[PDB]
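Based on what follows, work out the 3D shape:
(one chain, ligands or ions: 5)
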Amino acid sequence: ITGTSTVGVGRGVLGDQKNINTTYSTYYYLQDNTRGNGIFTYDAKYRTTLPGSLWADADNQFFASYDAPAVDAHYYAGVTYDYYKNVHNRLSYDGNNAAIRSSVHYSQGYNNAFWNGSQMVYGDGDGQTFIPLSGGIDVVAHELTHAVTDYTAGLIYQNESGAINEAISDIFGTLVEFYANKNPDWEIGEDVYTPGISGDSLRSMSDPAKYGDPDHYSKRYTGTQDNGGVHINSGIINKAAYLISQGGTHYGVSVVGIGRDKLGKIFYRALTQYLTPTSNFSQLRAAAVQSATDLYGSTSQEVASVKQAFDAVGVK
Ligand SMILES: [Ca+2]
Ligand SMILES: [Ca+2]
Ligand SMILES: [Ca+2]
Ligand SMILES: [Ca+2]
Ligand SMILES: [Zn+2]
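Residues are numbered from 1 along each chain as shown. Ligands and ions are numbered 1, 2, ... in the order given. For reference, the structure is listed below:
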């Protein structure tokens, strides 16, 4: 909408106060004009028709319980935009400052979040498996990263390419979580998963097997559920990425860690310059090796560590 840029204040899903960029024209809207061609947050009103209504508020204060998922979807989309722009010189998900749109309060008891081809969508959860999913910065960044993938490598959402797609979203979700630097970890979704159980998460990148996901290619899932295991086999790539950054010895194979920033540079380059819609795990290894070679040189520690990490998870 046409209006003037304003700054509201509210509380997120976890009760924390934050400022949000809004737009005033009769109402205050969740429209942040400070980033690209805008970040826009919508109310789906417990229904499934999208996007719903651009979020309107009378007073620019967002402290109601109903407001909290919108506050966080809007704010964490801003953090994710900043990560891609400041760290990777990428302007929004398309590279040309496309408007970023999110809807919250999708459906009833909805234990998921997704990119629908055009926008991000967040359930409120059922209060048992999830609370409103936009409360996780890693979740928001995971969703926006699906849009980045779709505009770049275009990894098909099934089997190995789909598990790479998933892992890319978990990797960058985690790197955005570290960028914001509030309680960062290598776990996925811990802030919004299972409010009645402390210390767990939806997935772990550091130890995928803690939640039954494979940490070695020899343990990959080969069935048809979950689009051929895209949220399962992602553990093999998540573990490789964790090892590249943090190091470790895994199934007897030692990896020298190179840190998060270099992990992000290598995987961003692989995603945007080498991966294709049909890339498999072996082709990801080759893309990551080539990306590290471009950035750091063929004789570099960074190249050697990429090879060690893929060796450790059984991907040649
Ligand atoms: Ca208000
Ligand atoms: Ca965390
Ligand atoms: Ca996390
Ligand atoms: Ca929990
Ligand atoms: Zn995903």
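
SS state for the spatially closest residue to residue 31 that is not a sequence neighbour?
Nearest residue to residue 31 in three dimensions, chain neighbours excluded: residue 23, at 3.9 Å (CB to CB, 6 or more residues apart in numbering). Where you see a C-beta, it was placed from the backbone N, CA and C, and this is true even at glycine. Assigned with DSSP: H, G, I helix; E, B strand; the rest coil, residue 23 falls in the strand class.

any idea how far the closest residue to ligand 1 within the stretch 151-300 of the chain is from residue 202?
Using CB to the ion, the single residue of the stretch 151-300 of the chain nearest to ligand 1 is residue 192, 23.1 Å away. Counting by CB to CB, to the nearest Å, the separation of residue 192 from residue 202 is 9 Å.

Please apply the same query to residue 290.
31 Å.

Count residues in the vicinity of the residue lying closest to residue 135 once chain neighbours are set aside, would you?
Once flanking residues are discounted, residue 135 sits nearest to residue 13: 2.9 Å by CB to CB, 6+ apart. Residue 13: 24 surrounding residues under other CB atoms under 10 Å.

With residue 15 instead?
For residue 15, the number of neighbouring residues by other CB under 10 Å comes to 8.

got it, and residue 214?
Neighbour count for residue 214, taken as other CB under 10 Å: 22.

is it true that it touches residue 231?
No: using CB atoms under 8 Å, residue 214 is not in contact with residue 231; the gap is 11.4 Å.

before we move on, the earlier item: state the number of residues packed around the residue of the stretch 151-300 of the chain closest to ligand 1.
What residue 192 shows, counting by other CB under 10 Å, is a neighbour count of 26.

Which residues lie in contact with it in this structure?
Counting by CB atoms under 8 Å, 6 or more residues apart in numbering, residue 192 touches 13, 125, 130-133, 135-136, 139.

can we see that at 10 Å?
Each residue near residue 192 by CB atoms under 10 Å, 6 or more residues apart in numbering is listed here: 13-14, 69, 72, 113, 122, 125, 129-139, 201-202.

tell me how far the ends of stretch 293-309 are from each other?
Between the opening and closing residues of stretch 293-309 there is a gap of 15 Å (CA to CA, to the nearest Å).

circling back to that earlier point, buried subset of the contacts of residue 192?
Buried members of these, counted by 16 or more other CB atoms under 10 Å: 13, 69, 72, 113, 122, 125, 129-139, 201-202.

beta partners for the residue nearest to residue 31?
Taking DSSP bridges as the rule, residue 23 bridges to residue 5, residue 29.

Surely it and residue 5 touch.
Yes: using CB atoms under 10 Å, residue 23 is in contact with residue 5, at 6.1 Å.

So those two - more neighbours on which side?
Counted by other CB under 10 Å, residue 23 and residue 5 do not tie: residue 23 has more neighbours, with 21 against 12.

which SSE is the residue of the stretch 101-250 of the chain found nearest ligand 3 in?
For the stretch 101-250 of the chain, the residue positioned closest to ligand 3 under CB to the ion is residue 138, at a distance of 4.0 Å. In the assignment (DSSP states H and E), residue 138 maps to helix 137-151.

mind checking how far residue 190 is from ligand 4?
Distance, residue 190 to ligand 4, using CB to the ion, to the nearest Å: 7 Å.

residues contacting the nearest residue in space to that residue that is not next to it in sequence?
Excluding its sequence neighbours, the residue lying closest to residue 190 (CB to CB, 6+ apart) is residue 201, at 4.0 Å. Residues in contact with residue 201, defined by CB under 10 Å, 6+ apart, are 136, 138, 185-194, 210-211.

Which parts of this protein are helices?
68-88, 137-151, 159-180, 225-229, 234-246, 260-269, 281-296, 301-312 (DSSP state H).

will you turn these into TSV that also has distance to residue 101?
Shown next, in TSV, are the helices of the chain (distance: least, CB to CB, whole Å):
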stretch	distance to residue 101
helix 68-88	9
helix 137-151	10
helix 159-180	18
helix 225-229	24
helix 234-246	25
helix 260-269	23
helix 281-296	30
helix 301-312	35
